[PDB]
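S.K.: Below is the structure I would like to discuss, written out as structure tokens.
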Amino acid sequence: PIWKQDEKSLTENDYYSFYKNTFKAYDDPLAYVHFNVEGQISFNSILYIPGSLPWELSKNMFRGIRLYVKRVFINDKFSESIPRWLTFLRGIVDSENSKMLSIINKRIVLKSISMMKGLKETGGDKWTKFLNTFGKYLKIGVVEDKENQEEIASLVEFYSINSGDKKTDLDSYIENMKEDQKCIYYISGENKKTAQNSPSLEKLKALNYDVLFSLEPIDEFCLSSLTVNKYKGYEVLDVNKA
Amino acid sequence: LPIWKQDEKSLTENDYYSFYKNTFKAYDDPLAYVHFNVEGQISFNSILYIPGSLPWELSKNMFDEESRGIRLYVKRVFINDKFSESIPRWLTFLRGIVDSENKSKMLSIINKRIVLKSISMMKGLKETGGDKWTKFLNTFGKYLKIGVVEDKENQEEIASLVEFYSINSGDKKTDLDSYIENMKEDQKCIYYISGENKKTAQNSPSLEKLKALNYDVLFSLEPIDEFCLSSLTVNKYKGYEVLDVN
């Protein structure tokens with residue numbers, strides 16, 4: 001019924017208490033979205049981004065989402081039915097009516113990306129916290145969700161030669177690209193320090209080009225996908241390849 | 001120092017409204033504003049306002065050949081008020097300031113950030129605003145319709161904001177996503193029909209098969225409604241074809 005109620009009459013202690021007691025979570029979520037939709041195909045959903053990594057996920061990256069059909073509880077195993085890069089979301093979907101699992105899912109993915117973009121726009125510690133905690137899942141989304149590849153990739157961030165102590169997003173890298181520069185460059189390292197000290201790196205340093213760092217297999221997985229598919233038309237080259 | 005260099009946190013709404021009025025010599029309160037700062041190579045401050053009513057520069061022709069609107073400052077000195085000549089012209093109605101530290105691949109960066117902040121400002125006004133949102137579309141909706149035609153890169157986001165009367169909508173307009181929401185089971189298309197008046201438009205004979213399908217149909221009542229709707233007719237709207245009933 002919580003998700004049946006009006007979303008001009010519900011306050012956030014309502015949403016937080018619901019989340020906290022349904023999901024057994026003492027963390028304040030970073031964000032939530034209550035959406036009802038709407039006419040012929042018919043459903044309500046509340047989706048939450050946890051304030052911290054769920055314990056079950058702290059040891060194996062892949063409940064999440066509780067399905068109700070017609071206000072009856074089916075399973076809390078509906079996370080299994082959405083793209084797995086979204087397994088960190090917690091929430092409900094209550095559907096009246098596969099070719100519905102399909103369009104329910106498209107709508108969930110849309111709303112979750114929109115939630116993240118909103119959180120990024122606000123910026124601050126909270127966006128930083130979000131990428132710190134869940135950014136690995138986005139990086140997986142970039143490869144695995146072909147249709148949303150460009151929007152998800154616009155959220156992920158990496159260390160680079162120039163970003164120093166903080167990470168850069170890809171769009172900032174683009175805006176920072178020198179007059180002659182055609183491509184986005186990256187290089188693998190054991191970590192920040194070893195990576196920037198790679199003598200690979202001297203021709204690009206001579207050109208004053210930035211280079212992103214790939215510091216873990218998931219970075220490699222994500223970036224190599226961008227080499228194939230490009231990012232916003234830009235080539236993405238591994239400095240130790242061709 | 002100037003308002004755009006002060007931290008937004010100490011400022012009140014009235015501080016922003018008084019600045020808008022004094023600077024642009026405008027009488028009515030703005031409908032909305034956003035103050036942002038970008039820090040890096042890269043460095044600029046901006047405050048962007050949606051006016052309360054049509055600027056006088058725009059009250060004769062839809063477009064002012066001079067494109068005033070946005071005042072450029074460099075290192076806090078006023079340069080000129082023609083910075084809007086480089087932003088998409090569908091945003092000519094915005095009034096605001098940019099103060100930069102520094103067709104360049106750079107002015108281009110500032111322009112892009114402005115368009116994105118302007119869209120997010122409108123989308124916020126749509127989500128929060130109810131009466132203010134309808135006021136915004138009644139005054140500046142024509143510009144958004146032109147944006148849908150002319151702004152290739154932002155076409156879908158702008159398209160999501162525009163509203164039209166339909167058969168089922170009543171004395172209120174519907175947006176496209178709400179139309180999509182209301183589509184029948186095997187309805188695949190968004191339909192529209194050139195009308196003369198909101199009343200006369202649904203009286204059309206050419207509507208019989210569609211009404212016999214109980215499909216909604218949006219009304220085009222001017223060449224602007226008409227060019228807007230026809231541009232969706234070519235690269236679709238969120239994957240939907242948009243068909244003229246003729």
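Chains: A, B, ... in order of the structure tokens. Residues: from 1 per chain. Ligands: from 1, in order shown.
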Using only C-alpha atoms, find the residues of chain B whose closest atom to chain A is at most 12 Å away, then write them as a VMD selection string.

M.R.: chain B and resid 36 38 to 42 104 to 110 112 to 113 116 to 117 120 to 121 123 to 124 127 to 128 153 177 to 187 238

S.K.: Output as a PyMOL selection string all residues of range 2-239 of chain A that backbone DSSP marks as strand (DSSP E).

M.R.: chain A and resi 31-38+42-49+65-69+72-75+90-95+157-158+168-169+184-188+212-214+236-238

S.K.: Counting only C-alpha atoms, what is within 8 Å of residue 76 in chain B, bar same-chain residues fewer than 4 positions away, as a CSV table (one decimal) with N, CA and C atoms, in the first residue's frame?

M.R.:
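See around.csv below for the written result:
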chain,number,residue,atom,x,y,z
B,2,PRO,N,30.5,41.1,-7.2
B,2,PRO,CA,29.3,40.9,-7.9
B,2,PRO,C,28.6,39.6,-7.4
B,99,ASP,N,30.4,34.9,-16.3
B,99,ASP,CA,31.7,35.6,-16.0
B,99,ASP,C,32.8,34.5,-16.2
B,100,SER,N,33.6,34.7,-17.2
B,100,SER,CA,34.7,33.8,-17.6
B,100,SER,C,36.1,34.4,-17.0

S.K.: Excluding range 18-20 of chain B and its own-chain neighbours fewer than 6 positions away, which residues fall within 12 Å of it when counting only C-alpha atoms? Please give them as a PyMOL selection string.

M.R.: chain B and resi 2-4+11-12+26-35+47-52+69-71+94-97

S.K.: Could you turn the residues from that selection into a file that holds N, CA and C atoms, as a PDB file, in the first residue's frame?

M.R.:
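Result file is again33.pdb:
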ATOM      1  N   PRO B   2      30.537  41.083  -7.237  1.00  0.00           N
ATOM      2  CA  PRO B   2      29.269  40.855  -7.911  1.00  0.00           C
ATOM      3  C   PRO B   2      28.584  39.577  -7.415  1.00  0.00           C
ATOM      4  N   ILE B   3      27.256  39.557  -7.483  1.00  0.00           N
ATOM      5  CA  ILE B   3      26.435  38.442  -6.978  1.00  0.00           C
ATOM      6  C   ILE B   3      26.954  37.062  -7.439  1.00  0.00           C
ATOM      7  N   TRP B   4      27.333  36.938  -8.717  1.00  0.00           N
ATOM      8  CA  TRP B   4      27.752  35.655  -9.317  1.00  0.00           C
ATOM      9  C   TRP B   4      29.044  35.058  -8.809  1.00  0.00           C
ATOM     10  N   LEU B  11      22.891  33.910  -0.147  1.00  0.00           N
ATOM     11  CA  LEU B  11      21.897  34.648  -0.967  1.00  0.00           C
ATOM     12  C   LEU B  11      20.441  34.187  -0.809  1.00  0.00           C
ATOM     13  N   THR B  12      19.487  35.123  -0.827  1.00  0.00           N
ATOM     14  CA  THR B  12      18.089  34.744  -0.789  1.00  0.00           C
ATOM     15  C   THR B  12      17.507  34.814  -2.207  1.00  0.00           C
ATOM     16  N   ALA B  26      14.029  44.744 -15.952  1.00  0.00           N
ATOM     17  CA  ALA B  26      12.836  43.971 -16.152  1.00  0.00           C
ATOM     18  C   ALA B  26      11.980  44.240 -14.942  1.00  0.00           C
ATOM     19  N   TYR B  27      10.681  44.123 -15.106  1.00  0.00           N
ATOM     20  CA  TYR B  27       9.772  44.477 -14.012  1.00  0.00           C
ATOM     21  C   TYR B  27       9.267  43.232 -13.272  1.00  0.00           C
ATOM     22  N   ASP B  28       8.827  42.237 -14.050  1.00  0.00           N
ATOM     23  CA  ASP B  28       8.226  41.045 -13.506  1.00  0.00           C
ATOM     24  C   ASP B  28       9.327  40.118 -12.974  1.00  0.00           C
ATOM     25  N   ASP B  29       8.994  39.382 -11.929  1.00  0.00           N
ATOM     26  CA  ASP B  29       9.898  38.375 -11.351  1.00  0.00           C
ATOM     27  C   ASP B  29      10.189  37.256 -12.353  1.00  0.00           C
ATOM     28  N   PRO B  30      11.405  36.699 -12.309  1.00  0.00           N
ATOM     29  CA  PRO B  30      11.603  35.547 -13.176  1.00  0.00           C
ATOM     30  C   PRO B  30      10.829  34.332 -12.724  1.00  0.00           C
ATOM     31  N   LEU B  31      10.565  33.455 -13.670  1.00  0.00           N
ATOM     32  CA  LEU B  31       9.877  32.240 -13.398  1.00  0.00           C
ATOM     33  C   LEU B  31      10.784  31.240 -12.673  1.00  0.00           C
ATOM     34  N   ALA B  32      12.071  31.290 -13.025  1.00  0.00           N
ATOM     35  CA  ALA B  32      13.055  30.427 -12.397  1.00  0.00           C
ATOM     36  C   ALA B  32      14.477  30.986 -12.637  1.00  0.00           C
ATOM     37  N   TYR B  33      15.439  30.432 -11.909  1.00  0.00           N
ATOM     38  CA  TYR B  33      16.839  30.764 -12.120  1.00  0.00           C
ATOM     39  C   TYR B  33      17.707  29.621 -11.645  1.00  0.00           C
ATOM     40  N   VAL B  34      18.957  29.611 -12.117  1.00  0.00           N
ATOM     41  CA  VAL B  34      19.995  28.729 -11.560  1.00  0.00           C
ATOM     42  C   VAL B  34      21.329  29.494 -11.585  1.00  0.00           C
ATOM     43  N   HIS B  35      22.089  29.336 -10.506  1.00  0.00           N
ATOM     44  CA  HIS B  35      23.397  29.971 -10.356  1.00  0.00           C
ATOM     45  C   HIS B  35      24.371  28.778 -10.303  1.00  0.00           C
ATOM     46  N   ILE B  47      24.672  32.867 -13.979  1.00  0.00           N
ATOM     47  CA  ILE B  47      23.321  32.848 -13.380  1.00  0.00           C
ATOM     48  C   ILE B  47      22.419  32.985 -14.587  1.00  0.00           C
ATOM     49  N   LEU B  48      21.428  32.094 -14.729  1.00  0.00           N
ATOM     50  CA  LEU B  48      20.598  32.069 -15.890  1.00  0.00           C
ATOM     51  C   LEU B  48      19.168  32.192 -15.349  1.00  0.00           C
ATOM     52  N   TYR B  49      18.340  33.017 -15.981  1.00  0.00           N
ATOM     53  CA  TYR B  49      16.972  33.303 -15.557  1.00  0.00           C
ATOM     54  C   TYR B  49      16.027  32.991 -16.728  1.00  0.00           C
ATOM     55  N   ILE B  50      14.868  32.443 -16.405  1.00  0.00           N
ATOM     56  CA  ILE B  50      13.728  32.390 -17.277  1.00  0.00           C
ATOM     57  C   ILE B  50      12.888  33.580 -16.890  1.00  0.00           C
ATOM     58  N   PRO B  51      12.682  34.494 -17.833  1.00  0.00           N
ATOM     59  CA  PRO B  51      11.917  35.708 -17.535  1.00  0.00           C
ATOM     60  C   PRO B  51      10.483  35.394 -17.144  1.00  0.00           C
ATOM     61  N   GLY B  52       9.835  36.307 -16.419  1.00  0.00           N
ATOM     62  CA  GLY B  52       8.402  36.191 -16.115  1.00  0.00           C
ATOM     63  C   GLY B  52       7.421  36.398 -17.263  1.00  0.00           C
ATOM     64  N   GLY B  69      20.237  39.376 -24.431  1.00  0.00           N
ATOM     65  CA  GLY B  69      19.913  38.354 -23.442  1.00  0.00           C
ATOM     66  C   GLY B  69      20.935  37.968 -22.425  1.00  0.00           C
ATOM     67  N   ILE B  70      22.037  37.399 -22.889  1.00  0.00           N
ATOM     68  CA  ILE B  70      23.101  36.995 -21.999  1.00  0.00           C
ATOM     69  C   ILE B  70      24.308  37.951 -22.040  1.00  0.00           C
ATOM     70  N   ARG B  71      24.639  38.463 -20.874  1.00  0.00           N
ATOM     71  CA  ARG B  71      25.734  39.439 -20.698  1.00  0.00           C
ATOM     72  C   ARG B  71      27.032  38.687 -20.360  1.00  0.00           C
ATOM     73  N   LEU B  94      16.211  33.295 -22.727  1.00  0.00           N
ATOM     74  CA  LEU B  94      16.904  33.316 -21.452  1.00  0.00           C
ATOM     75  C   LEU B  94      17.591  34.697 -21.235  1.00  0.00           C
ATOM     76  N   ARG B  95      17.652  35.147 -19.995  1.00  0.00           N
ATOM     77  CA  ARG B  95      18.427  36.319 -19.631  1.00  0.00           C
ATOM     78  C   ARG B  95      19.411  35.838 -18.567  1.00  0.00           C
ATOM     79  N   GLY B  96      20.641  36.335 -18.576  1.00  0.00           N
ATOM     80  CA  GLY B  96      21.611  35.807 -17.632  1.00  0.00           C
ATOM     81  C   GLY B  96      22.998  36.418 -17.808  1.00  0.00           C
ATOM     82  N   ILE B  97      23.930  35.915 -17.008  1.00  0.00           N
ATOM     83  CA  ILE B  97      25.275  36.401 -17.060  1.00  0.00           C
ATOM     84  C   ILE B  97      26.211  35.216 -17.172  1.00  0.00           C
TER      85      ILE B  97
END

S.K.: Contacts of residue 226 in chain A at 10 Å or less, counting only C-alpha atoms, minus same-chain residues fewer than 3 places along, as a count of residues only?

M.R.: 19

S.K.: Write down as a PyMOL selection string the residues belonging to range 38-165 of chain B that are assigned alpha helix (DSSP H) by DSSP computed on the backbone.

M.R.: chain B and resi 107-127+131-150+155-159

S.K.: I want to know what sits within 12 Å of residue 193 in chain B, based on only C-alpha atoms, with residues of the same chain fewer than 6 positions away left out; could you give that as a PyMOL selection string?

M.R.: chain B and resi 164-167+200-207+210+216-223+225-226+229-230+242-246

S.K.: Looking at only C-alpha atoms, which of A:110, A:187, A:30, A:72 is the one that sits closest to residue 129 in chain A?

M.R.: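 Selected residue with least distance to residue 129 in chain A: A:30.
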
S.K.: Identify, on the basis of only C-alpha atoms, every residue whose closest approach to range 73-90 of chain A does not exceed 10 Å; exclude the query and any residue fewer than 6 positions from it along the same chain; express the result as a VMD selection string.

M.R.: chain A and resid 19 22 to 23 29 32 46 to 50 52 to 54 56 to 57 61 to 67 101 to 102 104 to 106 108 to 109 112 to 113 133 to 134 136 to 145

S.K.: For CA of residue 28 in chain A and CA of residue 51 in chain A, quote the distance in Å rounded to one decimal.

M.R.: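 Those two atoms sit 5.2 Å apart.
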
S.K.: Figure out the distance between CA of residue 188 in chain A and CA of residue 128 in chain A, please, to one decimal in Å.

M.R.: 22.8 Å

S.K.: Compare A:239, A:26, A:60, A:95 by their minimum atom-to-atom distance to residue 3 in chain A, counting only C-alpha atoms, and give me the closest one.

M.R.: A:95
